[PDB]
Structure formats: structure tokens, C-alpha cells
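Here is the structure we will look at, set down as C-alpha cells.
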Amino acid sequence: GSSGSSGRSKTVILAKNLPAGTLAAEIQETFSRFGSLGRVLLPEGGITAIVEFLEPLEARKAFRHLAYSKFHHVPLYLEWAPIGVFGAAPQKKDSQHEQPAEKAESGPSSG
């Protein structure tokens, strides 16, 4: 619940309007041209492609740059990724939730 403060991801950006010809690698590199990348997920069922940037500054740079540009034959539509895109994981405190075994003794007085 830290990214929420802003509203949306600034390092992870999505790409819409991609030709069935496009490929994960193709995208990765195409972007890597501007700067190093972190993660890259592009499903076949959905043209849309997800690309995570290791740096927020670089990510934005490419956003505006690539923005208003066509990849192959169709125009590339960059869309910022949601804070929930990746989600959140549990912390140590979670463990605390667990209950002891002694509590077992706790019982009624009579039937």
C-alpha cells in the first residue's frame, strides 16, 4: 500500500494495439534501446504486452518518446500499469496471527 499514494505504477507500463506478429523479445529489446529493463511479460492470447522498467525516470522518458508512435503497422498505445498489477505479499507480522497450543486447555466449566 505504498504505490497507491501516487495512483498508478510509474516503472511498469503496458502496450496496447500490438500486431499478432509482435513477440515478447521484440518488445523487450525495442524498449531496452532507451534503457535497461527489469521484467517483460507478453501473452499470446492478448496482444497487450507488459514491460517493467528498472528506473522510473527512464520509463517515463520512453513513455513520451514511444507515445504517439507506431510499432509495425498499428499505433502503439502505452498505458500505465495499476498499483495492483503485481499485487502485494504478506509480511512477518502475518505469522503472529497464528495462535499458540496452550489455548487448547481453555474450556467450559460444566455440561
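Scheme for the C-alpha cells: letters A, B, ... for chains in order shown; per-chain residue numbers from 1; ligand numbers from 1 in order shown.
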### Message
Can you pull out the residues contacting region 11-24 of chain A? Cut-off 6 Å, using only C-alpha atoms, and skip same-chain residues under 4 positions away; I want them as a PyMOL selection string.
### Response
chain A and resi 42+47-53+56+59+76-81
### Task
Write out as a PyMOL selection string which residues come within 12 Å of residue 54 (chain A) when counting only C-alpha atoms, dropping same-chain ones fewer than 5 positions away.
chain A and resi 10-13+31-32+34-40+59-60
### Task
Step one, run DSSP on the backbone; step two, keep only residues of chain A assigned to strand (DSSP E); then write them as an NGL selection string.
:A and (8-16 or 37-41 or 49-53 or 77-82)
### Per-residue DSSP, chain A, filtered to alpha helix (DSSP H), as a PyMOL selection string
chain A and resi 24-32+56-66+93-97
For the selection just defined, write its residues with N, CA and C atoms to a file, as a PDB file, in the first residue's frame.
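Result saved to again.pdb:
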ATOM      1  N   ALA A  24       7.404 -11.200 -27.447  1.00  0.00           N
ATOM      2  CA  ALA A  24       7.955 -10.761 -26.171  1.00  0.00           C
ATOM      3  C   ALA A  24       9.340 -10.149 -26.352  1.00  0.00           C
ATOM      4  N   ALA A  25      10.263 -10.935 -26.895  1.00  0.00           N
ATOM      5  CA  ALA A  25      11.625 -10.470 -27.123  1.00  0.00           C
ATOM      6  C   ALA A  25      11.634  -9.135 -27.859  1.00  0.00           C
ATOM      7  N   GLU A  26      10.960  -9.092 -29.004  1.00  0.00           N
ATOM      8  CA  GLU A  26      10.893  -7.875 -29.804  1.00  0.00           C
ATOM      9  C   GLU A  26      10.616  -6.659 -28.924  1.00  0.00           C
ATOM     10  N   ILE A  27       9.573  -6.755 -28.105  1.00  0.00           N
ATOM     11  CA  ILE A  27       9.201  -5.665 -27.212  1.00  0.00           C
ATOM     12  C   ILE A  27      10.328  -5.347 -26.234  1.00  0.00           C
ATOM     13  N   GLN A  28      10.795  -6.370 -25.526  1.00  0.00           N
ATOM     14  CA  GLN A  28      11.872  -6.199 -24.558  1.00  0.00           C
ATOM     15  C   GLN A  28      12.992  -5.338 -25.135  1.00  0.00           C
ATOM     16  N   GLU A  29      13.563  -5.786 -26.249  1.00  0.00           N
ATOM     17  CA  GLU A  29      14.644  -5.055 -26.899  1.00  0.00           C
ATOM     18  C   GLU A  29      14.195  -3.650 -27.289  1.00  0.00           C
ATOM     19  N   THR A  30      13.183  -3.576 -28.148  1.00  0.00           N
ATOM     20  CA  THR A  30      12.659  -2.295 -28.603  1.00  0.00           C
ATOM     21  C   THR A  30      12.726  -1.249 -27.496  1.00  0.00           C
ATOM     22  N   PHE A  31      12.337  -1.646 -26.289  1.00  0.00           N
ATOM     23  CA  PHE A  31      12.353  -0.742 -25.144  1.00  0.00           C
ATOM     24  C   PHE A  31      13.758  -0.631 -24.559  1.00  0.00           C
ATOM     25  N   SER A  32      14.437  -1.768 -24.445  1.00  0.00           N
ATOM     26  CA  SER A  32      15.787  -1.801 -23.897  1.00  0.00           C
ATOM     27  C   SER A  32      16.687  -0.796 -24.609  1.00  0.00           C
ATOM     28  N   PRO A  56      12.385   4.614 -12.830  1.00  0.00           N
ATOM     29  CA  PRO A  56      11.183   5.410 -13.091  1.00  0.00           C
ATOM     30  C   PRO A  56      11.441   6.543 -14.079  1.00  0.00           C
ATOM     31  N   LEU A  57      12.613   7.158 -13.974  1.00  0.00           N
ATOM     32  CA  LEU A  57      12.982   8.258 -14.858  1.00  0.00           C
ATOM     33  C   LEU A  57      13.048   7.790 -16.309  1.00  0.00           C
ATOM     34  N   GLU A  58      13.748   6.683 -16.537  1.00  0.00           N
ATOM     35  CA  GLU A  58      13.886   6.131 -17.880  1.00  0.00           C
ATOM     36  C   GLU A  58      12.529   5.712 -18.439  1.00  0.00           C
ATOM     37  N   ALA A  59      11.741   5.031 -17.614  1.00  0.00           N
ATOM     38  CA  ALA A  59      10.419   4.574 -18.024  1.00  0.00           C
ATOM     39  C   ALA A  59       9.607   5.715 -18.628  1.00  0.00           C
ATOM     40  N   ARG A  60       9.517   6.822 -17.898  1.00  0.00           N
ATOM     41  CA  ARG A  60       8.768   7.984 -18.362  1.00  0.00           C
ATOM     42  C   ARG A  60       9.334   8.505 -19.679  1.00  0.00           C
ATOM     43  N   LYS A  61      10.658   8.583 -19.758  1.00  0.00           N
ATOM     44  CA  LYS A  61      11.326   9.065 -20.963  1.00  0.00           C
ATOM     45  C   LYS A  61      10.818   8.328 -22.197  1.00  0.00           C
ATOM     46  N   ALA A  62      10.796   7.001 -22.122  1.00  0.00           N
ATOM     47  CA  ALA A  62      10.330   6.180 -23.232  1.00  0.00           C
ATOM     48  C   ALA A  62       8.836   6.374 -23.469  1.00  0.00           C
ATOM     49  N   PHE A  63       8.076   6.459 -22.383  1.00  0.00           N
ATOM     50  CA  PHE A  63       6.632   6.643 -22.473  1.00  0.00           C
ATOM     51  C   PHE A  63       6.286   7.753 -23.462  1.00  0.00           C
ATOM     52  N   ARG A  64       6.761   8.961 -23.176  1.00  0.00           N
ATOM     53  CA  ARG A  64       6.501  10.108 -24.038  1.00  0.00           C
ATOM     54  C   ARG A  64       7.106   9.896 -25.422  1.00  0.00           C
ATOM     55  N   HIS A  65       8.332   9.384 -25.455  1.00  0.00           N
ATOM     56  CA  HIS A  65       9.023   9.132 -26.715  1.00  0.00           C
ATOM     57  C   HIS A  65       8.207   8.199 -27.604  1.00  0.00           C
ATOM     58  N   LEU A  66       8.132   6.932 -27.213  1.00  0.00           N
ATOM     59  CA  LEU A  66       7.384   5.938 -27.976  1.00  0.00           C
ATOM     60  C   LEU A  66       5.953   6.406 -28.222  1.00  0.00           C
ATOM     61  N   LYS A  93       4.749  -9.970  10.383  1.00  0.00           N
ATOM     62  CA  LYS A  93       3.653  -9.829  11.335  1.00  0.00           C
ATOM     63  C   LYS A  93       2.596 -10.905  11.111  1.00  0.00           C
ATOM     64  N   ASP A  94       2.283 -11.167   9.846  1.00  0.00           N
ATOM     65  CA  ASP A  94       1.290 -12.176   9.497  1.00  0.00           C
ATOM     66  C   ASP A  94       1.423 -13.404  10.393  1.00  0.00           C
ATOM     67  N   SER A  95       2.646 -13.907  10.521  1.00  0.00           N
ATOM     68  CA  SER A  95       2.908 -15.082  11.345  1.00  0.00           C
ATOM     69  C   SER A  95       2.248 -14.943  12.713  1.00  0.00           C
ATOM     70  N   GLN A  96       2.407 -13.774  13.325  1.00  0.00           N
ATOM     71  CA  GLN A  96       1.827 -13.513  14.637  1.00  0.00           C
ATOM     72  C   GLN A  96       0.387 -14.009  14.704  1.00  0.00           C
ATOM     73  N   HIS A  97      -0.379 -13.730  13.654  1.00  0.00           N
ATOM     74  CA  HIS A  97      -1.776 -14.149  13.593  1.00  0.00           C
ATOM     75  C   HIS A  97      -1.956 -15.531  14.214  1.00  0.00           C
TER      76      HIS A  97
END
